[PDB]
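Comments concern the structure below.
Cβ placement follows ideal geometry from the backbone for every residue including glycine, while neighbour counts extend to all protein chains displayed. What follows draws every value from the coordinates through simple rules; no lab data is involved.
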């Protein structure tokens, strides 16, 4: 005997994560698609710009500083993995452009 076939559903989990980004940023998927298009598909920069689109303002920036040290850059060796930004952008653009429908 052998195991049965089992297809994945991870585009719904990415769609749920997109929906939770709309909920977190108090926005629409159209506004999040426009924020992603404006920021080059970086979800962190897109949600940052989509939050900070209107603010209280001020007279200038705050004071910053710290002690000297090394580069803290760590070892060069490692392994590659997917960035997820492109998967979120694909599911967001299909949800906005064509409702994630089977034909358009």
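Residues are listed down the side, and each one gets a yes or a no for (1) surrounded by 10 or more Cβ atoms within 10 Å (Cβ to Cβ); (2) touching a residue at least 24 places away in the same chain (Cβ under 8 Å); (3) within 22 Å of residue 97 (Cβ to Cβ); (4) out of contact with any helix residue (DSSP H, G or I) (no Cβ under 7 Å at 6 or more places or on another chain):
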site: 2; (1), (2), (3), (4): no, no, no, yes
site: 16; (1), (2), (3), (4): yes, no, yes, yes
site: 20; (1), (2), (3), (4): yes, no, yes, yes
site: 43; (1), (2), (3), (4): yes, yes, yes, no
site: 48; (1), (2), (3), (4): yes, no, no, yes
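Summed over the range 22-39, the residues that are assigned to a loop (DSSP other than H, G, I, E, B) and under 10 Å from residue 96 (Cβ atoms) give a count of 1.
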